[PDB]
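Data block below; observations after.
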Amino acid sequence: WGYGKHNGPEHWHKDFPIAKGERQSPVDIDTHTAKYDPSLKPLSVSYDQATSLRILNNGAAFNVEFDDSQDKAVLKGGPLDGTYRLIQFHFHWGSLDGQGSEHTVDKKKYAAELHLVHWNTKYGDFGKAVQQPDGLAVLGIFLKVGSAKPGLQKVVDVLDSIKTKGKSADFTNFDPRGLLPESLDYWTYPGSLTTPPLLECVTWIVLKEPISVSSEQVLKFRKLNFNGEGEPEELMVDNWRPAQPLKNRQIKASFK
Ligand SMILES: [Hg+2]
Ligand SMILES: [Zn+2]
C-alpha cells in the first residue's frame, strides 16, 4: 500500500475492506452542520513530562516516538472518558501548499496536518487498544504556511538524517508543547486510523486553530523519501488520505 496511482487510497479496500466501513477517517468538517455540545468537558493536554525517544521514517511519514511506559504525556477530558497516553506524532503533507491535510474544513485543504496519537490506558498497551472502539484518541492540528513555528525547527533539522524508509535517529528532549496553537477549541467525531489497517478505534479531536509554519519548514518535509536507501528516489509528498463518507455520524464542536 502507498499513495501512488497503483497502490494509493482508492486501492486500499482490497487488502483492508474496512476502508469502506461505517466510521472511516478523515472527513470533511462542515462547520455549519457541526453542533456545539455543552456535554463536552474541558480538554486537558498534559505534555510537560513528555519523553521523546526517537524519530523514524516508516515509509509513510516520519514518527516522533515517546516513552509510553508510564503516564507522562496524556490527553484527558473533552469527549474522552479516562486517560490516553501519547505514543507518537506524525504529519501528512502535500506537494504544494494548497493540499496536504487529511481533514478538510468546509472543503478547505491545509498545507499539512499533525496527528498526536494516544491510547486508552485502560487497555494496557497500544496493540490491545486498537482492538477496542474507544482505544485511541488522535489530536489533529492543521498547518498553514506563513510565519515559522519555532518549536517545529528541531524536527525539521533532523530530517536529513532519516531521508529514507527504515532510518531512525535519536530524538530525545523534544517538547511537543511547542507544536500547539493558543486555543484548544475543537471538533470531535468517531473514526479510524487514516492509514492501513484503517481500524475503527479513534476518537478524533481536531483543533480549530491552525499553527503557522514557514514555507522553508514544509519544504524540508518534502525532501524526505518514500523509498529505501539505494532505491529510485520517490519524494515523500501527498501522503494524505482524502475525506471519506461521514455516514451515520455527527461532528460536535466544543465552542459556540
Ligand atoms: Hg478498534
Ligand atoms: Zn495520521
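First listed ligand is number 1; within each ligand, the first listed atom is number 1. When a residue number appears, it is its place in the shown sequence, counting from 1. Computation of the quantities below employed the complete heavy-atom set of this structure, encompassing side-chain atoms and omitting hydrogens, waters and symmetry-equivalent molecules.
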Point to revise | Rounded to 10 degrees, the angle SG of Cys201 makes with O of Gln132 at the Hg ion (ligand 1) | key: 90°
Review point. In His92, the N, O or S atom nearest to the Zn ion (ligand 2) is which?
Key: NE2
Exercise for review: Decide whether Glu113 and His92 meet the rule of one side-chain donor and one side-chain acceptor closer than 3.5 Å.
Suggested key: no
Review point. Cut-off 3.5 Å, side chains only: do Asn239 and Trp93 have a donor facing an acceptor?
Key: no
Practice item. Before accepting this row, confirm whether a basic side-chain N of the pair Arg85/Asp125 lies closer than 4.0 Å to the acidic partner's carboxylate O. Key: no
Exercise for review: Indicate yes or no: does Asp97 engage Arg222 in a salt bridge with an N to O separation below 4.0 Å.
Suggested key: yes
Check your understanding: What's the NE2-the Zn ion (ligand 2)-ND1 angle here (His90, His115), rounded to 10 degrees?
Key -> 110°
